[PDB]
Each structure stands twice: as C-alpha cells, then as structure tokens.
file structure_37.txt (compact mmCIF, N, CA and C atoms and all ligand atoms)
# COMPACT_ATOMS: atom_id res chain seq x y z
N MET A 70 0.82 -1.20 0.00
CA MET A 70 0.00 0.00 0.00
C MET A 70 0.86 1.26 0.00
N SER A 71 2.12 1.15 0.42
CA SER A 71 3.02 2.29 0.39
C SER A 71 3.42 2.69 -1.02
N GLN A 72 3.14 1.86 -2.02
CA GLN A 72 3.52 2.17 -3.38
C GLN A 72 2.51 3.06 -4.09
N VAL A 73 1.36 3.32 -3.48
CA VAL A 73 0.39 4.23 -4.05
C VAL A 73 0.91 5.65 -3.91
N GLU A 74 0.96 6.37 -5.02
CA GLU A 74 1.49 7.72 -4.97
C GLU A 74 0.59 8.59 -4.10
N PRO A 75 1.16 9.53 -3.36
CA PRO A 75 0.35 10.53 -2.66
C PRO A 75 -0.55 11.29 -3.63
N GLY A 76 -1.74 11.63 -3.16
CA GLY A 76 -2.73 12.22 -4.03
C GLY A 76 -3.67 11.16 -4.56
N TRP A 77 -3.11 10.10 -5.13
CA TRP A 77 -3.92 8.93 -5.44
C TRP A 77 -4.30 8.19 -4.18
N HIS A 78 -3.39 8.14 -3.21
CA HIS A 78 -3.70 7.56 -1.91
C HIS A 78 -4.94 8.21 -1.31
N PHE A 79 -5.04 9.53 -1.42
CA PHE A 79 -6.19 10.23 -0.87
C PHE A 79 -7.45 9.95 -1.66
N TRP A 80 -7.34 9.90 -2.99
CA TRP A 80 -8.50 9.61 -3.83
C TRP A 80 -9.04 8.23 -3.56
N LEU A 81 -8.15 7.25 -3.45
CA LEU A 81 -8.55 5.87 -3.22
C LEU A 81 -9.21 5.71 -1.86
N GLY A 82 -9.00 6.66 -0.96
CA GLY A 82 -9.61 6.61 0.35
C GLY A 82 -10.91 7.38 0.40
N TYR A 83 -11.38 7.85 -0.76
CA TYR A 83 -12.58 8.69 -0.85
C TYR A 83 -12.34 10.04 -0.20
N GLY A 84 -11.09 10.48 -0.20
CA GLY A 84 -10.77 11.79 0.32
C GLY A 84 -11.35 12.89 -0.54
N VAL A 85 -11.22 12.74 -1.86
CA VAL A 85 -11.62 13.75 -2.82
C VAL A 85 -12.50 13.11 -3.88
N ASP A 86 -13.29 13.95 -4.55
CA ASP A 86 -14.10 13.47 -5.65
C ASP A 86 -13.27 13.34 -6.93
N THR A 87 -12.41 14.31 -7.19
CA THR A 87 -11.71 14.39 -8.47
C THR A 87 -10.31 13.81 -8.39
N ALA A 88 -10.01 12.90 -9.31
CA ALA A 88 -8.73 12.22 -9.34
C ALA A 88 -7.60 13.20 -9.63
N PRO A 89 -6.37 12.86 -9.24
CA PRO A 89 -5.25 13.80 -9.43
C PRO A 89 -5.07 14.28 -10.85
N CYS A 90 -5.27 13.43 -11.85
CA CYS A 90 -5.08 13.86 -13.23
C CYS A 90 -6.13 14.89 -13.65
N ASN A 91 -7.28 14.90 -12.98
CA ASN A 91 -8.38 15.79 -13.35
C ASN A 91 -8.40 17.08 -12.54
N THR A 92 -7.36 17.36 -11.78
CA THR A 92 -7.39 18.53 -10.92
C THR A 92 -6.79 19.73 -11.64
N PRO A 93 -7.40 20.91 -11.53
CA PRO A 93 -6.89 22.08 -12.24
C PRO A 93 -5.49 22.46 -11.80
N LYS A 94 -4.84 23.28 -12.62
CA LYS A 94 -3.48 23.69 -12.34
C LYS A 94 -3.39 24.55 -11.08
N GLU A 95 -4.43 25.33 -10.78
CA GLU A 95 -4.37 26.21 -9.63
C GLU A 95 -4.21 25.43 -8.33
N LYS A 96 -4.84 24.27 -8.23
CA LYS A 96 -4.84 23.48 -7.01
C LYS A 96 -3.78 22.38 -7.05
N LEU A 97 -2.64 22.67 -7.65
CA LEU A 97 -1.47 21.81 -7.65
C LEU A 97 -0.31 22.52 -6.95
N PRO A 98 0.40 21.82 -6.06
CA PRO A 98 1.55 22.44 -5.40
C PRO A 98 2.63 22.84 -6.39
N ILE A 99 3.20 24.02 -6.16
CA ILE A 99 4.36 24.46 -6.92
C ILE A 99 5.61 23.95 -6.21
N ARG A 100 6.54 23.39 -6.98
CA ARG A 100 7.78 22.85 -6.43
C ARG A 100 8.96 23.51 -7.11
N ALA A 101 9.97 23.87 -6.32
CA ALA A 101 11.22 24.38 -6.85
C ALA A 101 12.30 23.31 -6.91
N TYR A 102 11.93 22.06 -6.65
CA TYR A 102 12.83 20.93 -6.56
C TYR A 102 12.23 19.77 -7.33
N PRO A 103 13.06 18.82 -7.77
CA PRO A 103 12.52 17.67 -8.50
C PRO A 103 11.74 16.74 -7.58
N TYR A 104 10.59 16.28 -8.06
CA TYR A 104 9.74 15.42 -7.26
C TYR A 104 10.12 13.96 -7.43
N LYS A 105 10.29 13.26 -6.31
CA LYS A 105 10.70 11.87 -6.30
C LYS A 105 9.85 11.10 -5.30
N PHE A 106 9.30 9.98 -5.75
CA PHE A 106 8.46 9.13 -4.92
C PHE A 106 9.24 7.90 -4.51
N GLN A 107 9.25 7.61 -3.20
CA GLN A 107 9.97 6.47 -2.67
C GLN A 107 9.09 5.75 -1.66
N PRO A 108 8.80 4.48 -1.87
CA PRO A 108 7.92 3.76 -0.96
C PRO A 108 8.60 3.39 0.35
N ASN A 109 7.92 2.59 1.15
CA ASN A 109 8.44 2.14 2.43
C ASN A 109 9.55 1.12 2.21
N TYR A 110 10.76 1.43 2.70
CA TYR A 110 11.92 0.58 2.46
C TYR A 110 12.27 -0.31 3.64
N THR A 111 11.36 -0.48 4.59
CA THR A 111 11.71 -1.26 5.77
C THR A 111 11.99 -2.70 5.39
N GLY A 112 12.91 -3.32 6.14
CA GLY A 112 13.33 -4.67 5.83
C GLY A 112 14.27 -4.76 4.65
N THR A 113 14.79 -3.63 4.19
CA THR A 113 15.71 -3.60 3.06
C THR A 113 16.91 -2.77 3.47
N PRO A 114 18.02 -2.86 2.73
CA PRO A 114 19.14 -1.95 3.00
C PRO A 114 18.81 -0.49 2.78
N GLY A 115 17.69 -0.19 2.14
CA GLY A 115 17.30 1.19 1.97
C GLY A 115 16.54 1.78 3.12
N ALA A 116 16.43 1.06 4.23
CA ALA A 116 15.68 1.56 5.37
C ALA A 116 16.34 2.82 5.93
N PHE A 117 15.54 3.65 6.57
CA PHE A 117 16.02 4.93 7.06
C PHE A 117 16.99 4.75 8.22
N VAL A 118 18.13 5.42 8.13
CA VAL A 118 19.12 5.45 9.19
C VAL A 118 19.05 6.82 9.84
N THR A 119 18.63 6.86 11.10
CA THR A 119 18.54 8.14 11.78
C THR A 119 19.89 8.52 12.35
N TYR A 120 20.02 9.80 12.67
CA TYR A 120 21.28 10.32 13.18
C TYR A 120 21.02 11.68 13.79
N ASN A 121 21.99 12.13 14.57
CA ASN A 121 21.94 13.45 15.17
C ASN A 121 22.41 14.47 14.15
N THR A 122 21.61 15.50 13.91
CA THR A 122 21.98 16.48 12.91
C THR A 122 22.87 17.58 13.45
N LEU A 123 23.24 17.54 14.73
CA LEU A 123 24.10 18.54 15.34
C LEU A 123 25.43 17.95 15.76
N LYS A 124 26.48 18.74 15.62
CA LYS A 124 27.76 18.39 16.19
C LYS A 124 27.69 18.57 17.71
N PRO A 125 28.62 17.96 18.45
CA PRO A 125 28.50 17.94 19.91
C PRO A 125 28.42 19.33 20.51
N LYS A 126 27.77 19.42 21.66
CA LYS A 126 27.54 20.72 22.29
C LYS A 126 28.85 21.40 22.69
N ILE A 127 29.78 20.64 23.26
CA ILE A 127 31.01 21.18 23.82
C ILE A 127 32.19 20.73 22.96
N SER A 128 32.95 21.70 22.46
CA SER A 128 34.07 21.44 21.57
C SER A 128 35.36 21.40 22.38
N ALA A 129 36.11 20.31 22.24
CA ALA A 129 37.32 20.13 23.02
C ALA A 129 38.47 20.97 22.46
N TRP A 130 39.47 21.20 23.30
CA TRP A 130 40.61 22.01 22.90
C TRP A 130 41.53 21.22 21.98
N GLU A 131 42.01 21.87 20.93
CA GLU A 131 43.02 21.26 20.08
C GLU A 131 44.38 21.45 20.72
N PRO A 132 45.00 20.38 21.21
CA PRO A 132 46.22 20.54 22.01
C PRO A 132 47.36 21.12 21.17
N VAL A 133 48.04 22.10 21.74
CA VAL A 133 49.20 22.75 21.13
C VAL A 133 50.21 22.99 22.24
N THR A 134 51.47 22.67 21.99
CA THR A 134 52.51 22.96 22.96
C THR A 134 53.22 24.26 22.61
N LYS A 135 53.75 24.90 23.64
CA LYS A 135 54.58 26.09 23.48
C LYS A 135 55.87 25.85 24.25
N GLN A 136 56.93 26.54 23.83
CA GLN A 136 58.25 26.34 24.42
C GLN A 136 58.54 27.42 25.45
N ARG A 137 59.07 27.00 26.59
CA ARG A 137 59.37 27.91 27.69
C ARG A 137 60.66 28.68 27.44
N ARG B 59 -49.09 -6.81 41.18
CA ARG B 59 -48.71 -8.13 41.67
C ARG B 59 -48.50 -9.08 40.50
N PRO B 60 -47.45 -9.90 40.53
CA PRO B 60 -47.26 -10.89 39.46
C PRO B 60 -48.43 -11.85 39.40
N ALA B 61 -48.77 -12.26 38.19
CA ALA B 61 -49.90 -13.15 37.99
C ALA B 61 -49.50 -14.59 38.30
N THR B 62 -50.48 -15.38 38.73
CA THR B 62 -50.27 -16.79 38.97
C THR B 62 -50.49 -17.58 37.68
N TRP B 63 -50.25 -18.89 37.75
CA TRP B 63 -50.41 -19.72 36.57
C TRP B 63 -51.87 -19.84 36.16
N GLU B 64 -52.79 -19.89 37.13
CA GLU B 64 -54.19 -20.11 36.81
C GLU B 64 -54.82 -18.92 36.10
N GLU B 65 -54.29 -17.72 36.30
CA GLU B 65 -54.77 -16.54 35.59
C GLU B 65 -53.97 -16.28 34.32
N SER B 66 -53.81 -17.30 33.49
CA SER B 66 -53.06 -17.18 32.24
C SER B 66 -54.01 -17.30 31.06
N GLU B 67 -53.77 -16.49 30.03
CA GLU B 67 -54.67 -16.47 28.89
C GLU B 67 -54.48 -17.70 28.01
N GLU B 68 -53.25 -18.18 27.88
CA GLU B 68 -52.92 -19.26 26.96
C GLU B 68 -53.19 -20.62 27.60
N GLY B 69 -53.76 -21.52 26.81
CA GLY B 69 -53.94 -22.88 27.27
C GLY B 69 -52.61 -23.58 27.48
N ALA B 70 -52.64 -24.60 28.33
CA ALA B 70 -51.42 -25.35 28.61
C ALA B 70 -50.88 -26.02 27.36
N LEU B 71 -51.77 -26.42 26.45
CA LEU B 71 -51.32 -27.11 25.25
C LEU B 71 -50.55 -26.19 24.32
N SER B 72 -51.01 -24.94 24.15
CA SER B 72 -50.27 -24.00 23.31
C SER B 72 -48.91 -23.66 23.91
N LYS B 73 -48.88 -23.40 25.22
CA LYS B 73 -47.62 -23.15 25.89
C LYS B 73 -46.68 -24.33 25.73
N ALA B 74 -47.21 -25.55 25.83
CA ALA B 74 -46.38 -26.74 25.66
C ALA B 74 -45.91 -26.91 24.23
N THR B 75 -46.72 -26.49 23.26
CA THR B 75 -46.28 -26.49 21.87
C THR B 75 -45.08 -25.58 21.69
N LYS B 76 -45.17 -24.35 22.22
CA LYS B 76 -44.04 -23.43 22.15
C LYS B 76 -42.84 -24.00 22.89
N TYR B 77 -43.10 -24.66 24.02
CA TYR B 77 -42.03 -25.17 24.86
C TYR B 77 -41.28 -26.30 24.17
N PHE B 78 -42.00 -27.23 23.56
CA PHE B 78 -41.36 -28.40 23.00
C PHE B 78 -40.85 -28.17 21.59
N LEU B 79 -41.46 -27.28 20.82
CA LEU B 79 -41.02 -27.05 19.46
C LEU B 79 -40.08 -25.86 19.31
N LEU B 80 -39.72 -25.20 20.41
CA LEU B 80 -38.70 -24.14 20.39
C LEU B 80 -39.07 -23.04 19.39
N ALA B 81 -40.18 -22.34 19.67
CA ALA B 81 -40.68 -21.37 18.71
C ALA B 81 -39.71 -20.21 18.52
N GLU B 82 -39.34 -19.55 19.62
CA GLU B 82 -38.46 -18.39 19.51
C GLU B 82 -37.07 -18.77 19.04
N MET B 83 -36.62 -20.00 19.32
CA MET B 83 -35.33 -20.43 18.79
C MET B 83 -35.38 -20.54 17.28
N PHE B 84 -36.51 -20.98 16.73
CA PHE B 84 -36.63 -21.04 15.28
C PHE B 84 -36.76 -19.64 14.69
N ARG B 85 -37.39 -18.72 15.42
CA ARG B 85 -37.40 -17.33 14.95
C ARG B 85 -35.99 -16.75 14.91
N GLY B 86 -35.20 -17.00 15.95
CA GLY B 86 -33.81 -16.58 15.93
C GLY B 86 -33.04 -17.20 14.78
N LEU B 87 -33.24 -18.49 14.55
CA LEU B 87 -32.54 -19.15 13.46
C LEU B 87 -32.93 -18.56 12.11
N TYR B 88 -34.19 -18.18 11.96
CA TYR B 88 -34.61 -17.58 10.70
C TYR B 88 -34.01 -16.20 10.51
N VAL B 89 -33.97 -15.39 11.57
CA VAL B 89 -33.34 -14.08 11.44
C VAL B 89 -31.88 -14.24 11.07
N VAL B 90 -31.19 -15.21 11.68
CA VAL B 90 -29.80 -15.45 11.33
C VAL B 90 -29.68 -15.86 9.87
N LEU B 91 -30.56 -16.75 9.41
CA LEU B 91 -30.48 -17.23 8.03
C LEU B 91 -30.75 -16.12 7.03
N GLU B 92 -31.57 -15.14 7.40
CA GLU B 92 -31.85 -14.05 6.48
C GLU B 92 -30.59 -13.23 6.17
N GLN B 93 -29.72 -13.04 7.17
CA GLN B 93 -28.47 -12.33 6.92
C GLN B 93 -27.62 -13.02 5.87
N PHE B 94 -27.70 -14.34 5.79
CA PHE B 94 -26.87 -15.12 4.89
C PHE B 94 -27.06 -14.71 3.43
N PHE B 95 -28.20 -14.09 3.11
CA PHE B 95 -28.51 -13.69 1.74
C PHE B 95 -28.42 -12.19 1.54
N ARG B 96 -27.70 -11.48 2.39
CA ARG B 96 -27.53 -10.05 2.24
C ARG B 96 -26.10 -9.74 1.83
N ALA B 97 -25.90 -8.52 1.35
CA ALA B 97 -24.57 -8.12 0.91
C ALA B 97 -23.65 -7.99 2.11
N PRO B 98 -22.47 -8.60 2.08
CA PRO B 98 -21.51 -8.42 3.17
C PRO B 98 -20.89 -7.03 3.15
N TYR B 99 -20.19 -6.71 4.23
CA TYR B 99 -19.62 -5.38 4.43
C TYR B 99 -18.14 -5.30 4.11
N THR B 100 -17.48 -6.41 3.84
CA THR B 100 -16.03 -6.42 3.77
C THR B 100 -15.53 -5.61 2.58
N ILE B 101 -14.33 -5.04 2.73
CA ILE B 101 -13.60 -4.39 1.66
C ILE B 101 -12.24 -5.07 1.55
N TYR B 102 -11.66 -5.02 0.35
CA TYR B 102 -10.49 -5.83 0.03
C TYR B 102 -9.20 -5.02 0.14
N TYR B 103 -8.80 -4.78 1.38
CA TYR B 103 -7.53 -4.12 1.62
C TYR B 103 -6.39 -5.06 1.24
N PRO B 104 -5.31 -4.57 0.61
CA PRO B 104 -4.95 -3.20 0.25
C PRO B 104 -5.35 -2.76 -1.13
N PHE B 105 -6.34 -3.39 -1.74
CA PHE B 105 -6.76 -2.95 -3.06
C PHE B 105 -7.85 -1.90 -2.98
N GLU B 106 -8.56 -1.86 -1.87
CA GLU B 106 -9.54 -0.83 -1.55
C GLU B 106 -9.21 -0.25 -0.19
N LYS B 107 -9.79 0.91 0.11
CA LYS B 107 -9.46 1.60 1.35
C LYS B 107 -10.72 2.15 1.99
N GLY B 108 -10.74 2.18 3.31
CA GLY B 108 -11.83 2.76 4.05
C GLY B 108 -11.83 4.27 3.94
N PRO B 109 -12.90 4.90 4.39
CA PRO B 109 -13.02 6.35 4.23
C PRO B 109 -11.93 7.07 5.00
N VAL B 110 -11.46 8.16 4.42
CA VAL B 110 -10.45 9.02 5.01
C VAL B 110 -10.92 10.45 4.83
N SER B 111 -10.69 11.28 5.83
CA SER B 111 -11.19 12.64 5.79
C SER B 111 -10.03 13.63 5.81
N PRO B 112 -10.27 14.88 5.43
CA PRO B 112 -9.19 15.87 5.47
C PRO B 112 -8.55 16.00 6.83
N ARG B 113 -9.31 15.78 7.90
CA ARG B 113 -8.85 16.02 9.25
C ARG B 113 -8.03 14.87 9.82
N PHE B 114 -7.80 13.82 9.06
CA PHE B 114 -7.21 12.61 9.61
C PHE B 114 -5.78 12.86 10.05
N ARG B 115 -5.35 12.14 11.08
CA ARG B 115 -4.07 12.38 11.74
C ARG B 115 -3.20 11.14 11.63
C1 LIG A 201 -47.43 -30.30 23.02
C2 LIG A 201 -47.26 -31.81 23.11
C3 LIG A 201 -45.83 -32.26 22.85
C4 LIG A 201 -45.61 -33.71 23.26
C5 LIG A 201 -44.14 -34.05 23.41
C6 LIG A 201 -43.33 -33.56 22.21
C7 LIG A 201 -42.38 -34.64 21.69
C8 LIG A 201 -40.93 -34.18 21.71
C9 LIG A 201 -40.79 -32.76 21.17
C10 LIG A 201 -39.54 -32.61 20.32
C11 LIG A 201 -38.55 -31.62 20.91
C12 LIG A 201 -38.18 -31.96 22.35
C13 LIG A 201 -36.75 -31.55 22.67
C14 LIG A 201 -36.67 -30.07 23.01
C15 LIG A 201 -37.60 -29.70 24.16
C16 LIG A 201 -37.33 -28.30 24.68
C17 LIG A 201 -37.52 -28.19 26.19
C18 LIG A 201 -36.84 -26.94 26.74
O1 LIG A 201 -37.25 -25.87 26.45
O2 LIG A 201 -35.73 -27.04 27.59
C19 LIG A 201 -35.74 -26.05 28.58
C20 LIG A 201 -34.41 -26.12 29.32
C21 LIG A 201 -34.62 -25.60 30.74
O3 LIG A 201 -35.67 -26.34 31.31
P1 LIG A 201 -36.92 -25.54 32.02
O4 LIG A 201 -36.58 -25.26 33.46
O5 LIG A 201 -38.16 -26.39 31.94
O6 LIG A 201 -37.21 -24.11 31.26
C22 LIG A 201 -37.89 -23.14 31.99
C23 LIG A 201 -36.89 -22.06 32.38
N1 LIG A 201 -37.53 -21.06 33.22
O7 LIG A 201 -33.51 -25.28 28.67
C24 LIG A 201 -33.09 -25.79 27.44
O8 LIG A 201 -32.58 -26.86 27.41
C25 LIG A 201 -33.30 -24.98 26.17
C26 LIG A 201 -33.80 -25.85 25.02
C27 LIG A 201 -32.67 -26.61 24.34
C28 LIG A 201 -32.64 -26.33 22.84
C29 LIG A 201 -31.35 -26.85 22.23
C30 LIG A 201 -30.99 -26.08 20.98
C31 LIG A 201 -29.73 -26.65 20.33
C32 LIG A 201 -29.99 -27.04 18.88
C33 LIG A 201 -31.16 -26.26 18.30
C34 LIG A 201 -32.17 -27.19 17.63
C35 LIG A 201 -33.03 -26.43 16.63
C36 LIG A 201 -33.07 -27.15 15.29
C37 LIG A 201 -31.81 -26.89 14.47
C38 LIG A 201 -31.94 -27.39 13.04
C39 LIG A 201 -31.77 -26.27 12.02
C40 LIG A 201 -33.11 -25.69 11.60
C41 LIG A 201 -33.65 -26.36 10.33

call {"tool": "encode", "arguments": {"input": "structure_37.txt", "output": "structure tokens", "more": "lines below"}}
Ligand SMILES: CCCCCCCCCCCCCCCCCC(=O)OC[C@H](COP(=O)(O)OCCN)OC(=O)CCCCCCCCCCCCCCCCC
result
Amino acid sequence: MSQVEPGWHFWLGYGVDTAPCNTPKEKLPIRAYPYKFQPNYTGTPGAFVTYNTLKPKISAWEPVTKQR
Amino acid sequence: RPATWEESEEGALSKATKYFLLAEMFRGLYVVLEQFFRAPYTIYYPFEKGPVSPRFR
C-alpha cells in the first residue's frame, strides 16, 4: 500500500471526488525541486538510518605545545 | 402483583407447543439465516481503502 502515490492515496480513500489527473493547475503544489516518490523501504538496506543532525555541544581544545 | 399460573390467557397445550417445538429459537434461526442472503460489508484491503477525511491524523 506504500507504493500508491500521494494524491492517489487520498483519492482511493474517498478523500476527494476528483482524481489527481483531473485537478486544475491552480490546485497543484508548486515545487522548486525535482519530485521523487519512494515507498516504504523497511526490511531492506534502503531503510532509514537516523542520526543526530548537530555536532556535539562542547568542543574540546586542540592541544598545542609552546616552548618555555 | 405478578400473575399466577391459573390466571393465564394461553392454554397449557399452546404453551407446551411453544415449549417443545422451540418457537423463539426457530425465529432466531430464521433471522440469522436471512443475513446469509444479504450483501456483506467487507472491503479488500490493500486494493480498496476505508473512508479518510481531510482532518485525519
Ligand atoms: C405439546 C405436546 C408435545 C408432546 C411431546 C413432544 C415430543 C418431543 C418434542 C420434540 C422436541 C423436544 C426436545 C426439546 C424440548 C425443549 C424443552 C426446553 O425448552 O428445555 C428447557 C431447558 C430448561 O428447562 P426448564 O426449566 O423447563 O425451562 C424453563 C426455564 N424457566 O432449557 C433448554 O434446554 C433450552 C432448550 C434446548 C434447545 C437446544 C438447541 C440446540 C440445537 C437447536 C435445535 C433447533 C433445530 C436446528 C436445526 C436447524 C433448523 C432447520
């Protein structure tokens, strides 16, 4: 069921009367990026790998020696 | 006050007919059998989907 494209997913659920191909241009999202559809990849090597998007809070000193 | 047996409208034979032939049980069985010839409610997920509304979360 994850392979149903969004918009068709809503139509198939009786969300809307008019199918995606029949919808006017005004009621279509404008995108500045290329649109790509990707289904649920669980149980595959394509599964989502989460991670922390921030570097650590406290930055350690870069050790440097000086001569006396 | 609850009525006694002697103040009953139905004869003993009619009551015994209902008692031995299970009248209401056959009425229940008939109501059950009538459902057997009606349209079922099932939908064939994932080829069909139940209703979804704009507000769904
Ligand atoms: C008028 C003159 C008649 C002369 C004699 C008649 C000859 C024999 C008659 C043939 C049938 C006799 C067998 C069934 C008699 C039913 C008696 C009965 O109702 O049992 C009552 C029993 C509790 O006993 P009791 O205390 O007396 O009830 C009062 C409660 N305040 O509680 C019970 O046990 C409930 C009844 C049991 C029913 C079992 C149901 C399971 C299977 C259902 C069978 C229906 C047929 C299915 C076939 C599909 C339909 C085509």

call {"tool": "residues_around", "arguments": {"input": "structure_37.txt", "residues": "region 77-82 of chain A", "least_positions_apart": "2", "cutoff": "6 Å", "atoms": "all atoms listed in the file", "output": "JSON, numbers by chain"}}
result
{"A": [73, 74, 75, 84, 85, 89], "B": [107, 108, 109, 110]}

call {"tool": "residues_near_ligand", "arguments": {"input": "structure_37.txt", "ligand": "ligand LIG 201 (chain A)", "cutoff": "6.5 Å", "atoms": "only N, CA and C atoms and all ligand atoms", "output": "ChimeraX atom specification"}}
result
/B:71,74-80,83-84

call {"tool": "atom_distance", "arguments": {"input": "structure_37.txt", "atom1": "CA of residue 90 (chain A)", "atom2": "CA of residue 115 (chain B)"}}
result
25.0 Å

call {"tool": "axis_aligned_box", "arguments": {"input": "structure_37.txt", "around": "region 93-112 of chain B", "padding_each_side": "6 Å", "output": "JSON"}}
result
{"center_x": -17.3, "center_y": 0.4, "center_z": 2.1, "size_x": 36.8, "size_y": 43.1, "size_z": 22.2}

call {"tool": "atom_distance", "arguments": {"input": "structure_37.txt", "atom1": "CA of residue 71 (chain A)", "atom2": "CA of residue 99 (chain A)"}}
result
23.4 Å

call {"tool": "atom_distance", "arguments": {"input": "structure_37.txt", "atom1": "CA of residue 105 (chain B)", "atom2": "CA of residue 83 (chain A)"}}
result
13.2 Å

call {"tool": "select_by_dssp", "arguments": {"input": "structure_37.txt", "residues": "chain A", "states": "helix (DSSP H, G or I)", "output": "number ranges by chain"}}
result
A: 77-81, 89-91
